[PDB]
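A.B. asks: One structure, as C-alpha cells, below. Some questions next.
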Amino acid sequence: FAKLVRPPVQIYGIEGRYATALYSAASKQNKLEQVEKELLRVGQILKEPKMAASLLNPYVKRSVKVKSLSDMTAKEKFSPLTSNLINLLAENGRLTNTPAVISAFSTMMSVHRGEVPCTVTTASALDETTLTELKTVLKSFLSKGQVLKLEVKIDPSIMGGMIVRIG
Amino acid sequence: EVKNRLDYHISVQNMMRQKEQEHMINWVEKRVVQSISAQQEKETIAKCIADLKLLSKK
Amino acid sequence: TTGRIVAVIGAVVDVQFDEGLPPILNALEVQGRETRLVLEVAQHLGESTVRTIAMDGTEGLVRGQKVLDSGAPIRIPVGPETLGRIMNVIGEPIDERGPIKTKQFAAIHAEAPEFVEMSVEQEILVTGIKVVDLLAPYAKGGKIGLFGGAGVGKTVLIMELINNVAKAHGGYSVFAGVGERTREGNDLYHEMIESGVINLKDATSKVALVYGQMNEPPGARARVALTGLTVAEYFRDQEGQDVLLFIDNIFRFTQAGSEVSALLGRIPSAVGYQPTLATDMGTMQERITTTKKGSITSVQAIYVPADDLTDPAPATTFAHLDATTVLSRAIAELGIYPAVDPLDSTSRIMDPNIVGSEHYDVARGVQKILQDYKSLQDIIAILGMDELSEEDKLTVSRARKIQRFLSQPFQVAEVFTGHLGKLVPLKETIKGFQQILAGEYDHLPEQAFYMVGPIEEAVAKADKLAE
Amino acid sequence: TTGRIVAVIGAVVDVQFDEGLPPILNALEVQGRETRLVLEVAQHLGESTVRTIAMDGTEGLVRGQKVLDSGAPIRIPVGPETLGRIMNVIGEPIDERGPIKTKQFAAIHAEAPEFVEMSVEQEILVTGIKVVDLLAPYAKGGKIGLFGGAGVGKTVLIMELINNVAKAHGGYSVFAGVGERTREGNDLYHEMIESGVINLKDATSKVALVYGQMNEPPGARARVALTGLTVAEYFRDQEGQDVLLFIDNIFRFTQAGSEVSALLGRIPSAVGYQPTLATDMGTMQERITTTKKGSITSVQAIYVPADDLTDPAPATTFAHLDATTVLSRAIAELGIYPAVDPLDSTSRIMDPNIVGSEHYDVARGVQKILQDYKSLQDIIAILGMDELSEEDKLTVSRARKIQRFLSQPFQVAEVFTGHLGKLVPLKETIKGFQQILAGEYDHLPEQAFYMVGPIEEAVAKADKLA
Amino acid sequence: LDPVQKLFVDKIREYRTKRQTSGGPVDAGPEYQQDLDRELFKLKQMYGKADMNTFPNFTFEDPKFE
Amino acid sequence: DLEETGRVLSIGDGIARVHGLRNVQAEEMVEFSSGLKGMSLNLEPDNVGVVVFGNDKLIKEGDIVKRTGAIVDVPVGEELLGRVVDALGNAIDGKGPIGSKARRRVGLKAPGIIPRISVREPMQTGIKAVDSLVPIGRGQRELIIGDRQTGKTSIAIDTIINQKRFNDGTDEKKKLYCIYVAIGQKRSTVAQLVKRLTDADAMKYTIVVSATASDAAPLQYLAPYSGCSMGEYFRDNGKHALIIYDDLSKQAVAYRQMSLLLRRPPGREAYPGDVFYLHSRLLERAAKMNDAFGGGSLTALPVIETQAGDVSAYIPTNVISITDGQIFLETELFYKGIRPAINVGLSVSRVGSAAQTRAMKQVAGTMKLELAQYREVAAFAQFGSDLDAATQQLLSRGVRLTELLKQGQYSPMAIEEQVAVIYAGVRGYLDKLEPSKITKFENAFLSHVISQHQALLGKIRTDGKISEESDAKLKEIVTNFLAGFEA
C-alpha cells in the first residue's frame with residue numbers, strides 16, 4: 001500500500017487511475033510541474049502519427065513498442081521516469097487516452113484546481129483562487145463587449161418560457 | 001333544468017378566455033420577444049443583479 | 001480510518017477509505033449519519049475501497065461522505081439486561097423503553113465450538129409437554145423446527161414453552177423475531193406482557209427479544225439472527241445455560257441472505273438462493289449446540305417456502321433439524337390443545353439406545369398405535385363401529401384417552417381454556433402413556449384425560465369425571 | 001446534422017455523429033444511402049455517438065458513411081389522401097398507386113391523451129355476430145383485443161368485422177398490418193379492392209392501409225405502431241372520425257420490442273420480453289384512446305403467445321383493453337366456428353350493468369351450464385355419452401346446443417364453410433338463446449343449431465335434417 | 001439577471017393594444033373563429049337544443065289510483 | 001451558478017448517467033434541463049444513475065442537470081380529498097390547482113411497536129362475505145387478489161362506496177379518508193373509475209392518486225409510497241385512512257424494469273429482491289396505532305391480480321409472507337353466477353375477530369364454521385344428487401348462505417342489515433326457501449326491516465350488536481316477514 005494522493009482532479013477513476021498514481025508520484029518529489037509539462041510536450045509529440053500512430057498500430061506489438069516509444073522517451077529526452085508510466089499505457093493501451101489523463105492531471109498550476117461558470121453565466125475561464133465569484137464578478141466586470149453565445153442568455157429561456165409556463 | 005343552461009354560459013366564457021389567452025399570449029410573446037436583446041442591457045441588467053448573485057449569494 | 005462514499009448503489013455503499021481497510025465484517029459508522037449507520041464491510045473491493053452493506057436505510061448521502069469504521073464488526077449489548085427487553089438489530093431498544101443497561105458487548109459474529117468442546121452426546125431436552133416430549137424428545141442444544149399454522153396461540157404455545165422449560169428448568173430464552181411483522185412482534189410483545197412471561201416489572205422475563213422486522217436491510221434483518229445468537233451465546237456460556245433460541249423465521253433470514261447476494265453481485269445458487277446458503281446455515285447452526293457450559297437449544301420457526309421444504313434450504317435444514325414440530329391444526333380442531341401433529345412431530349434422537357429404551361418403546365408403540373387408531377378411524381369412518389373387534393374399540397378408546405391425555409390444559413390462557421396448565425415430570429409421563437396403553441383405567445371417562453397435566457392428575461381428573 | 005456510420009451491429013447502427021447530436025428519436029437519413037435508410041436515434045451514447053436503430057436493411061454499408069439527420073423524428077404524410085393507399089411504415093407508399101400526397105407531416109411519436117381529455121363513457125359496439133355481442137359486447141371506440149389462435153379465424157373475423165361494421169360505420173378505418181405476412185395483406189387488399197371499400201377511385205377509401213410486415217428490419221416493425229397511430233390520430237381528430245383500427249398483431253410488435261432489447265444494449269425483461277415493456281405499453285396504448293374528437297375504435301389482434309397469457313405481455317395487455325375476445329382454440333378444435341373462448345370472450349364493458357344483466361345473467365346461466373357441463377364431464381368421465389341425471393342431461397344438452405347455436409356461418413369463409421355469415425341483431429340474438437334457455441327448444445336437436453344465424457333457421461334446419 | 005419588471009412591460013403592451021382594436025379573432029384573424037364556431041355548437045349538444053334565454057314551465061298531471 | 005448544476009453524462013433509455021453533482025444528496029430527485037425531474041438513485045463512482053421520468057428525446061447529453069437538491073416530499077393536506085392527482089400530487093383531475101399546500105416528506109418512519117397498537121376495530125366494506133368472513137378492520141393491510149376484471153376494481157369500488165356511510169358515519173374513526181392508488185391504470189379505465197367515484201362522490205373525502213401506465217415507471221413506483229405518506233399523515237392526524245394499492249403487480253413490473261435499466265441486479269423471478277423490502281417498508285408504513293398518537297389508521301388494501309397459481313410468483317409469495325390475509329376471489333364462481341366470486345376457502349383473514357363486530361360474531365361464528373363444513377360436502381356429490389338429510393340441509397342452507405355472502409356489484413351494505421339477513425339464515429329460516437327467491441326475499445326483507453324495523457335496526461345498530469331482545473324481535477319480524485315473503 002501507499003500514500004494516496006487525490007489532488008483536485010483526480011479523474012475519479014476512469015483511467016487516470018494512473019493519474020491518481022501519478023498524483024502521488026508527482027506529489028512525491030513534486031516533479032509536478034516538470035512532469036506536467038513533460039506531458040504537454042510529449043502530448044502531441046506522441047499524439048501525431050509521426051512514428052507515433054504508426055507505433056499505435058496494433059500491428060507493431062509491444063515486442064518493440066517497448067522499444068521505440070518507450071525508447072521515444074529514449075527517442076525523446078523526457079523520462080525522469082515519465083516514460084515508464086508510458087510503457088504502462090503501452091500495454092494498457094491508454095496511450096490513446098492520455099490527453100485526457102493529462103488534462104485531469106494538469107489543468108495547469110493552481111489551474112490544477114480551475115472552474116468555469118454557468119447558470120445564468122455567459123463566461124468561460126478557470127478559477128485558481130480561494131473564494132471566487134469575486135473574480136468572476138470582476139471578470140464580467142472587465143469587458144463589456146461580451147457574448148451570450150458564450151453561455152447563458154438567460155434570455156430565451158429563463159422566464160422567456162415562464163409566463164408561458166403558467167399559461 | 002335551469003342550472004345546466006347557466007353553466008354553459010359561464011363555461012363558454014371561461015373556455016374562450018383561455019382560447020384567447022394562449023393565442024393572445026403566443027401572439028404577444030412571439031411579437032415582443034423579437035425585440036428585447038437589441039437592448040443587450042436586458043443582459044446587462046442582469047449581469048447587474050447576476051452580480052448581485054455572484055456577490056450576494058455567497 | 002475514514003472513508004468516503006464512493007458509490008451508493010442502494011445499500012451497497014462502496015466506501016473508499018484512504019485510511020485502513022480493516023478486515024471484512026467491520027461495522028462502519030457513517031460520519032454524517034445522525035441515525036446509526038452501520039455499514040458492514042462486505043468486500044475489500046480493492047483499490048482502497050470496500051464494499052459495504054448499509055445495514056440501514058440510506059438517504060441524504062453525498063459521494064465522499066465520511067465514514068468512520070467502528071474498527072470491529074457490529075458489537076451489540078450482551079447480558080441479562082436484554083431479558084424482558086426488545087432490542088433491534090443494532091441492539092437498540094425497540095422496546096422503546098429507553099436504553100438497556102449492558103456493558104458487555106459482543107461482535108455479532110461468533111463461531112461454532114471447536115471440536116473438543118463438543119459435549120459429544122446430546123441428551124434430551126425435556127419439553128415436559130407430555131406428548132411433545134414424548135414424540136419429539138428434544139435434545140438439549142437441539143434444533144427444533146417449527147412447521148406450523150400461525151397464531152393458533154402458536155405463540156401461546158411458545159410462550160408456554162418458554163414457560164414450561166425455561167422457567168422450570170431455569171434456562172433462558174431469546175426470541176429473535178426476524179423479518180417479522182412489527183405488528184406481529186407488537187402483538188406478541190403485549191402478549192408476553194399479558195402473559196406475564198414478559199414482565200415489565202422484571203427484565204428477567206424469561207425471553208430477551210430482538211426484532212429485525214421487514215424493513216431493515218435483508219442482511220440486517222438476517223443479522224438480527226446473529227445478534228440473537230450472540231446474546232444466547234452470552235447466556236449459554238456466560239450464564240452457563242440452556243438458552244432457548246426462538247427464531248421466527250429462519251426462512252425469512254434465508255430469503256434475506258439470498259437477497260443480498262444478487263446485489264452483492266454474487267451468483268446466488270439454487271432458487272436464487274445464495275450459494276453460501278449452506279455456509280450461512282452451517283456457521284450459524286454450528287454456533288448452535290450444547291457447549292459444555294450449556295445448551296443453545298434452538299427452536300426455529302419454520303415458514304414453509306413454496307409450501308415445500310425440498311426447497312433446497314429447508315431440505316438442508318433438515319440436516320440441522322433433529323426434532324420437528326409439525327403443528328396440527330387438526331389436533332387443535334379436535335379441541336386438543338396441545339394441537340401438535342403427533343406422528344410427524346418427532347425427534348430423530350428418539351431411540352431406545354438413547355432416550356430410554358422404555359420411553360422409546362412406549363413411544364414407538366404409541367406411535368404405532370396412534371397410527372393404528374389412525375388407521376381405524378378410516379375404517380370406522382366407513383364401517384361405522386362394532387362391525388369390528390372390541391380390542392379395536394378398546395384401543396380406540398385408549399388412543400382416544402391417550403389423545404385426551406395429550407391434551408394439556410393451559411396456564412395463562414385460563415381465558416381460553418378455563419383451565420390452568422400443568423407440567424409433567426418425565427417418568428410418570430412415560431409411565432403415564434404406558435399405563436393408558438396398558439388400559440388400566442377402563443371405566444373412567446376419556447374426557448377426563450382431556451386437558452390433563454401429569455398422569456396422577458389425569459387420574460385425578462379421571463376421578464372427577466368418574467364423578 | 002451528419003453522422004458517420006461508425007459501427008453496424010445488426011440493424012443497430014451506432015452512428016457517431018460527427019457533428020453534435022440531434023435529439024433522441026431524431027430520424028436520420030443516411031446520406032448516399034442506397035435508398036432511404038432511416039435510423040432512429042435511440043441513445044445519446046455520448047461521444048457524439050448515438051445508438052441508432054436502422055429500421056431498414058444494413059446490407060452494403062461503409063462503416064463511415066455519412067448520414068444526415070432530419071433533425072426530428074419523421075415527418076410523415078398524414079392527410080385523407082392515404083385511405084386505400086398502403087403505405088409502408090415510413091409514410092411512403094407501398095400502394096404503388098404512385099405517391100400518396102398529404103400536406104400534413106408528422107413525427108411518428110405522438111401523445112397519449114390526458115385524463116382531462118377523457119371522454120367519459122363509451123357505448124356498446126355490436127357486431128350482430130351473436131357471440132360477440134353476447135360475450136364480449138364491444139364498446140364503440142373500444143380497444144378490443146383479439147386474443148386468438150394464430151391468424152386463424154382471427155383474420156377472418158377481423159375482416160368480417162370490418163365488413164359488418166366498418167361498412168355500416170360511416171367513419172374511417174385503418175388497417176395497420178403489423179408483422180403481417182404480406183400475402184395476407186395482399187389478400188386483404190384484394191378483399192377490399194374487390195369490395196370496393198378499397199375504392200381505387202378513392203385514395204380516401206373507407207380504409208387506410210399501413211403495412212409494416214415482418215420482412216422489415218426491426219426498427220420499422222417497431223415503429224409502425226407509432227406511425228399508425230399518427231395517421232389515425234390525424235384521421236380521428238381532424239375530420240373528427242371514428243377510426244376503426246386494426247392492428248394485427250400488436251404481438252408482433254411486441255415481439256419486435258422484445259427482439260431488439262439486447263441489441264439495444266439493454267437486456268429485455270423476462271423471457272426475452274423487453275425491459276421497457278410496460279412503459280412501452282403505456283405509451284402505445286395511451287397514445288391511442290377515443291378522443292373527444294372521435295374514436296380510434298380499435299380491433300387489435302393479439303396473438304396469444306403459445307396461447308399463454310400468464311405470459312407477461314398479455315398479462316399487461318389486459319389492462320389496456322375494453323373487451324377482450326379470447327378465442328378458444330379448444331373450441332376451434334371442437335370445429336367450432338365462431339371458434340371463441342366465450343368465457344374469455346369478455347368485456348370489462350361487462351360486469352352486471354356494463355352489459356346489463358339479461359345478457360349477463362343469461363350468460364351467467366349459460367356460463368354456468370357449460371361450466372357445469374364441464375363439471376359434469378367429470379361424472380361422465382366415469383359414467384357416459386348418454387348416462388347422467390336427466391336434468392343434467394338437459395342442461396348438458398342445452399349446453400351442447402347452445403354451443404352449437406353459437407356456431408355461425410361465415411361470409412368470408414363461406415368459401416370454406418359453404419355457408420355465408422349471418423347477422424342476428426342483438427335482440428334476436430339474446431332472445432335466441434333465451435328461448436333455448438327457456439328450453440323452448442329442447443324438443444329440438446343441437447346440431448340443427450350448429451352453424452346457424454337466427455334461431456329459427458336452426459329450427460328450420462332441424463326440419464331440413466329429417 | 002436584473003430586469004425583472006422591464007421584461008413584464010414588454011409583454012404588457014400588446015394586451016391593451018388588441019383590446020383597444022377588438023374585431024374578429026383579435027389580430028389572430030379568422031383562424032381562431034374556425035375552431036370557436038364548432039366548439040360553441042358542441043357544447044349545445046351536451047345540453048341539447050333547449051333554448052337558454054327562455055324560462056321553462058309546464059303542468060303536470062295524475063295517473064291511476066286506488 | 002458556480003456549480004449548482006451537472007452535465008448529463010449519458011443518456012439513453014431515459015437513464016441519465018449524470019456527470020457532476022457529487023455533493024448531491026442520496027435519493028435526490030434532481031431536475032433536468034427540460035424542467036423534467038429525474039431521480040438520482042445511484043451516485044456511483046463517476047456518475048449518478050438518474051432515472052428520467054420523462055422522455056429522452058426531450059433530453060440530450062451534457063445537459064444541465066441541475067440539482068434540485070431535493071429528496072422528494074409530497075404536498076400534504078386533505079384538500080386532495082376531493083382531488084385526483086398524479087403521483088407527486090399535482091392536479092391531473094383538471095380541477096385547476098390542488099389544495100394540499102402543506103407538504104410532507106414522503107420519507108416517514110413506519111410506526112414503532114409502541115406507536116402501534118393492535119386492532120380492536122372493525123371497519124366494514126359492506127361486502128357481505130367480506131365483512132363476515134374476513135371481518136374488516138382498520139389500519140391493516142389485506143391482499144385483494146383475483147383475476148382480470150374480477151370487477152376487481154368493482155369489488156374495491158363498492159367498498160369505497162361503502163365508506164360513504166362511514167363518512168356519513170360521524171364517528172370520526174368511522175369516517176374514512178379514502179386513498180386510491182392507481183398503478184398502471186389507463187386513463188380511460190381510470191376515467192371510468194373516477195366516473196364512478198364522481199357519481200358516488202365519495203371523492204370528497206378522497207384522494208385519488210392516479211398513476212396511469214404512461215407515468216414513468218419510477219413515478220408509478222413511487223406513487224404508492226407517496227400515497228402511503230399521505231395516509232400515515234392521516235393516521236397521525238388520528239384519522240383513518242384507507243389506501244388501496246391497486247396494483248403492486250404493475251408496480252413490481254415497473255420496478256424491475258427500472259432496475260434492469262439501471263443495470264442493477266433485480267432478483268428472484270427476475271424481479272429485485274428488495275422490491276419485497278420496498279413493499280415491506282411500504283406496508284410497514286400502514287398501521288393501527290396507539291390512540292395516544294391520534295391513533296389514526298392507515299388501512300391498506302393491496303391488490304395483486306393473479307395470473308393464477310403464480311402466487312408462487314415471487315411477489316405474490318412475498319406479499320403472502322407479508323399479508324394480514326388475502327382475499328381470494330373466485331372467478332369461476334362468478335361464472336357460476338356466484339357473485340361475489342370469492343374462493344372463500346383460500347381467502348383468509350389471519351386476524352379475524354379483532355376486526356370483527358360482536359354483532360357479526362354472533363351471526364357469523366357459526367356460519368363461518370358452517371360454510372366450512374358445507375364446503376367440503378358442497379364439493380361432494382352434486383352428482384345429480386346427494387345423500388343424507390343432515391348434510392342435505394347443510395347444502396340447502398349452504399347454498400342459501402352462499403347467496404347471503406353474495407351481493408351484486410354496486411351494492412355495498414350496512415352491517416346491521418348484513419348481520420340481520422345472516423341472522424335469518426343462520427337461524428335456519430330460509431333454508432326452506434329456494435334460491436331465486438332468496439334473492440328476492442333478501443331484497444324484500446331488507447327494505448322491509450329498513451322500512452319497518454328501522455326502529456329495531458336502530459336498536460341493533462345502537463347496541464352495535466344484536467341483543468337477544470333485538471333477536472327476539474328480529475326473529476319475530478322475520479318469521480312473519482318471511483311468512484309474507486313467501487305467503
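Here's how to read the names in the C-alpha cells: chain A, B, ... by the order shown, residue numbers from 1 in each chain, ligand numbers from 1 in the order shown.
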Residues at most 12 Å from range 20-26 of chain E, counting only C-alpha atoms, excluding those fewer than 3 positions away in the same chain, as a VMD selection string?

C.D. replies: (chain B and resid 16 19 to 21 23 to 25 27 to 28) or (chain E and resid 13 to 17 29 to 37)

A.B. asks: For range 321-327 of chain D, list every protein, DNA or RNA residue within 7 Å, evaluated using only C-alpha atoms, and leave out those in the same chain fewer than 4 positions away; present the list as a PyMOL selection string.

C.D. replies: chain D and resi 136+138+142-149+317+339-341+344-349

A.B. asks: Hey, list the chain E side of the contact with chain B: 10 Å cut-off, only C-alpha atoms, answer as a PyMOL selection string.

C.D. replies: chain E and resi 1-4+6-7+9-15+17-18+25-28+32+35-36+39-40+43-44+46-48+50-56

A.B. asks: As number ranges by chain, could you give me every residue of chain D near chain F (at most 7 Å apart, counting only C-alpha atoms)?

C.D. replies: D: 23-25, 42-46, 115-116, 118, 120, 269-270, 275-276, 278-279, 282-283, 286, 310, 319-320, 348, 351-352, 364-365, 367-368, 389, 392

A.B. asks: When you look at residue 80 in chain A with a cut-off of 10 Å (counting only C-alpha atoms), what residues show up, excluding the ones that are within fewer than 4 positions of it in the same chain? I need them as a ChimeraX atom specification.

C.D. replies: /A:31,34-35,38,73,84

A.B. asks: Could you save those same residues with C-alpha atoms as a PDB file, in the first residue's frame?

C.D. replies:
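Written file, result.pdb:
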ATOM      1  CA  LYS A  31       8.101  16.892 -10.027  1.00  0.00           C
ATOM      2  CA  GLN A  34       8.071  19.055 -14.747  1.00  0.00           C
ATOM      3  CA  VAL A  35       6.106  16.129 -15.458  1.00  0.00           C
ATOM      4  CA  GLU A  38       6.678  16.678 -19.889  1.00  0.00           C
ATOM      5  CA  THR A  73      11.343   8.652 -24.086  1.00  0.00           C
ATOM      6  CA  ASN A  84       7.731   4.249 -17.548  1.00  0.00           C
TER       7      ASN A  84
END

A.B. asks: Tell me which protein, DNA and RNA residues are within 7 Å of residue 5 in chain C, counting only C-alpha atoms, leaving out same-chain ones fewer than 4 positions away, and put them as a PyMOL selection string.

C.D. replies: chain C and resi 13-16+62-66

A.B. asks: Could you tell me how far CA of residue 378 in chain F sits from CA of residue 347 in chain F, in Å to one decimal place?

C.D. replies: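 Between CA of residue 347 in chain F and CA of residue 378 in chain F the gap is 16.9 Å.
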
A.B. asks: Compute the set of chain D residues within 12 Å of chain E, using only C-alpha atoms, and express it as a ChimeraX atom specification.

C.D. replies: /D:238,240,292-293

A.B. asks: Could you dump the residues just selected with N, CA and C atoms as a short mmCIF file (atom, residue, chain, number, x, y, z; two decimals), in the first residue's frame?

C.D. replies:
data_model
loop_
_atom_site.label_atom_id
_atom_site.label_comp_id
_atom_site.auth_asym_id
_atom_site.auth_seq_id
_atom_site.Cartn_x
_atom_site.Cartn_y
_atom_site.Cartn_z
N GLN D 238 -59.24 15.17 -36.76
CA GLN D 238 -59.27 16.33 -37.57
C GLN D 238 -60.52 16.31 -38.30
N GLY D 240 -62.61 14.35 -37.22
CA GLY D 240 -63.50 14.00 -36.15
C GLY D 240 -63.89 12.55 -36.22
N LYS D 292 -62.18 13.04 -27.73
CA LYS D 292 -63.36 13.79 -27.71
C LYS D 292 -63.63 14.17 -29.14
N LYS D 293 -62.67 13.99 -30.09
CA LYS D 293 -62.89 14.33 -31.47
C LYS D 293 -62.83 13.06 -32.21
#

A.B. asks: What is the distance between CA of residue 280 in chain F and CA of residue 97 in chain C, in Å to one decimal?

C.D. replies: 24.8 Å

A.B. asks: Between CA of residue 113 in chain D and CA of residue 226 in chain D, what distance in Å does the model show, to one decimal?

C.D. replies: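 Answer for the CA of residue 113 in chain D to CA of residue 226 in chain D separation: 14.2 Å.
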
A.B. asks: Could you give me, as a Markdown table, every chain A residue with an atom at most 9 Å from chain C, plus its closest atom pair and distance in Å to one decimal, counting only C-alpha atoms, rows ordered by chain then number?

C.D. replies:
| residue | atom | partner | partner_atom | distance |
| --- | --- | --- | --- | --- |
| A:3 | CA | C:18 | CA | 8.0 |
| A:4 | CA | C:18 | CA | 6.4 |
| A:5 | CA | C:18 | CA | 8.8 |
| A:12 | CA | C:6 | CA | 8.9 |

A.B. asks: Within 7 Å of residue 122 in chain A, counting only C-alpha atoms, which residues show up once you throw out same-chain ones fewer than 4 positions away? Write them as a PyMOL selection string, please.

C.D. replies: chain A and resi 118+147-148+150-153

A.B. asks: Would you mind exporting N, CA and C atoms of the selected residues as a JSON list (two decimals), in the first residue's frame?

C.D. replies:
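Written output follows (result-v1.json):
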[["chain", "number", "residue", "atom", "x", "y", "z"],
["A", 118, "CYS", "N", -21.55, 29.07, -15.08],
["A", 118, "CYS", "CA", -22.68, 28.57, -15.85],
["A", 118, "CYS", "C", -24.08, 29.21, -15.78],
["A", 147, "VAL", "N", -20.54, 38.24, -25.01],
["A", 147, "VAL", "CA", -21.11, 37.29, -25.99],
["A", 147, "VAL", "C", -22.55, 36.82, -25.85],
["A", 148, "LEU", "N", -22.84, 35.89, -24.90],
["A", 148, "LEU", "CA", -24.10, 35.19, -24.70],
["A", 148, "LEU", "C", -24.31, 34.13, -25.72],
["A", 150, "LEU", "N", -21.40, 32.84, -25.75],
["A", 150, "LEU", "CA", -20.51, 32.20, -24.85],
["A", 150, "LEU", "C", -21.51, 32.33, -23.80],
["A", 151, "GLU", "N", -21.94, 31.17, -23.34],
["A", 151, "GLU", "CA", -23.02, 30.84, -22.48],
["A", 151, "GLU", "C", -24.19, 31.79, -22.31],
["A", 152, "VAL", "N", -24.88, 31.66, -21.15],
["A", 152, "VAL", "CA", -26.27, 31.93, -20.88],
["A", 152, "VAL", "C", -26.67, 33.33, -21.06],
["A", 153, "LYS", "N", -27.19, 33.61, -22.27],
["A", 153, "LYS", "CA", -28.54, 34.06, -22.43],
["A", 153, "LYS", "C", -29.54, 33.53, -21.45]]

A.B. asks: If you run DSSP on the backbone, which residues of range 321-354 of chain C are helix (DSSP H, G or I), as a ChimeraX atom specification?

C.D. replies: /C:329-333

A.B. asks: Put those residues in a file: N, CA and C atoms, as a PDB file, in the first residue's frame.

C.D. replies:
ATOM      1  N   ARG C 329     -53.185 -28.400  13.121  1.00  0.00           N
ATOM      2  CA  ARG C 329     -54.430 -27.712  13.222  1.00  0.00           C
ATOM      3  C   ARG C 329     -55.502 -28.724  13.432  1.00  0.00           C
ATOM      4  N   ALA C 330     -55.436 -29.916  12.815  1.00  0.00           N
ATOM      5  CA  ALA C 330     -56.388 -30.969  13.070  1.00  0.00           C
ATOM      6  C   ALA C 330     -56.555 -31.334  14.512  1.00  0.00           C
ATOM      7  N   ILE C 331     -55.454 -31.427  15.264  1.00  0.00           N
ATOM      8  CA  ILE C 331     -55.439 -31.780  16.650  1.00  0.00           C
ATOM      9  C   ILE C 331     -56.066 -30.677  17.404  1.00  0.00           C
ATOM     10  N   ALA C 332     -55.705 -29.441  17.049  1.00  0.00           N
ATOM     11  CA  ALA C 332     -56.357 -28.271  17.561  1.00  0.00           C
ATOM     12  C   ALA C 332     -57.837 -28.300  17.339  1.00  0.00           C
ATOM     13  N   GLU C 333     -58.292 -28.715  16.140  1.00  0.00           N
ATOM     14  CA  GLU C 333     -59.659 -28.692  15.694  1.00  0.00           C
ATOM     15  C   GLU C 333     -60.471 -29.648  16.456  1.00  0.00           C
TER      16      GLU C 333
END
